[PDB]
Amino acid sequence: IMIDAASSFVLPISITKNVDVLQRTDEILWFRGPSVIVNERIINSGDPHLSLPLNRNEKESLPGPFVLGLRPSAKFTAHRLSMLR
Amino acid sequence: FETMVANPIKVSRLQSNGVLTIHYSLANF
Amino acid sequence: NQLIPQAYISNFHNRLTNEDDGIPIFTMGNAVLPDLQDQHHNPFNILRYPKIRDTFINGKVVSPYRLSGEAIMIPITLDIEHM
C-alpha cells in the first residue's frame, strides 16, 4: 500500500475563462476521486432520535439537520455581543 | 479530447514538511 | 555562525592609490560612514555605504607583523621616487 501517489492532475489547455468559482492552483486542479459533502461536523450524542433508549412504527419530520448539531441559542450570542463593548 | 494524458503533480515529501523561506549572512565574501 | 571574523582585512594601499582621498603618501541619509547611524542589527546594511563595500570587495588578507634620561627630537623628511 503506497502513500506517495500524485492523485491530482492538470490538463494543458488554459480554459481559465469561466472558472473563478472552482479550486485553482495559482489552472484547474483535477483530482482522482470526487469530493465528500459532510452535513454537520459535530454529532449530538444524546437525543433519543440517536441514543435509542430501551423503554417504550412512528415517523417524525424534524426541522432541518440543525437539531443534530449543537447550535447555541441567540440570547447567549446577544449577551456576548453586549459583553463585546 | 480523449487522447489528452494529464500531468501528475508530485509532492516530494521533504518539500511538503519543512522548507524554509547564502550571502545575506555576512561572513562570506 | 553568521559572525564576521575579527581581522584579516587590510585595505589601506588602495586608499593610498584611490585618487579621491587626499593622501599625500603616493601619487601613482547623506552621511558617508555609519558612525552615528544605527543599522537595526543587520551587518548587510553597512553594504549600502559606498566606501565600505569598497573595503570588502577590494580588500585583502594580511598577516600580523611581530616584534636614556632626556629625549632629543629630530624631524626627518622622506622624498623617494620609485616606479
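Just so it is clear, none of the values below were taken in a lab; they were calculated from the coordinates. Every residue, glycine among them, receives a Cβ derived from its backbone with ideal geometry; neighbour counts consider all protein chains shown.
If you average 1/r across every pair of different Cα atoms in the protein assembly as shown and take the reciprocal, what Kirkwood value do you get, in Å?
Details: mean 1/r = 0.0346 Å⁻¹.
Taking the inverse mean of 1/r over all distinct Cα pairs, the protein assembly as shown comes out at 28.9 Å.
In Å³ and rounded to a whole number, note down the convex hull volume per residue for the Cα atoms of region C:34-83. Mind showing how you got there, number by number?
Working: hull volume 15.8 nm³, N = 50.
In region C:34-83, the Cα convex hull volume per residue is 315 Å³.
If Rh is defined by the Kirkwood formula over all Cα pairs and Rg also comes from Cα, what ratio Rg/Rh do you get for chain A? If you can, show how the numbers build up before the last one.
Values: Rg = 22.7 Å, Rh = 19.0 Å.
We get a ratio of 1.19 for chain A.
I'd like the Karplus ³J(HN,Hα) series for region C:50-61: coefficients 6.51, -1.76, 1.60, θ = phi - 60°, whole numbers in Hz, and an x wherever there's a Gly or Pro.
Going residue by residue, I get x, 8, 10, 6, 5, 8, 8, 6, 8, x, 9, 10 Hz, with x marking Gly and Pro.
For region A:1-48, build the convex hull from the C-alpha positions and give me its volume per residue in Å³. List each step's numbers first, then the result.
Values: hull volume 8.5 nm³, N = 48.
With only Cα atoms used, region A:1-48 gives 177 Å³ per residue.
Among residues other than residue C:57 whose Cβ falls under 15 Å from its Cβ, what is the net charge (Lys/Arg +1, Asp/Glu -1)?
On the way: positive: C:15, C:48, C:51, C:53, C:60; negative: C:54.
Counting the neighbours of residue C:57, the net charge comes to +4.
Can you check how the C-alpha radius of gyration of region C:1-81 compares to 2.2 N^0.38 Å, as a plain ratio?
On the way: Rg = 18.4 Å, N = 81, 2.2 N^0.38 = 11.7 Å.
This ratio for region C:1-81 stands at 1.58.
In deg cm²/dmol, rounded to 500, what helix-only [θ] at 222 nm does the protein assembly as shown give when every DSSP H run of at least 4 residues adds -39500 (n - 2.57) and the total is split over its residues? Let's see the in-between values first.
On the way: 4 runs with 26 residues, N = 197.
Calculated mean residue ellipticity at 222 nm is -3000 deg cm²/dmol.
Per residue, how much space in cubic angstrom lies within the convex hull of the C-alpha atoms of region A:26-70?
Details: hull volume 8.2 nm³, N = 45.
Hull volume normalised by residue count: 182 Å³.
Calculate the FRET efficiency for residue C:39 and residue A:84 from the Cβ-Cβ distance with a Förster distance of 45 Å, rounded to the nearest 0.05.
On the way: r = 43 Å, r/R0 = 0.96.
About 0.55, to the nearest 0.05.
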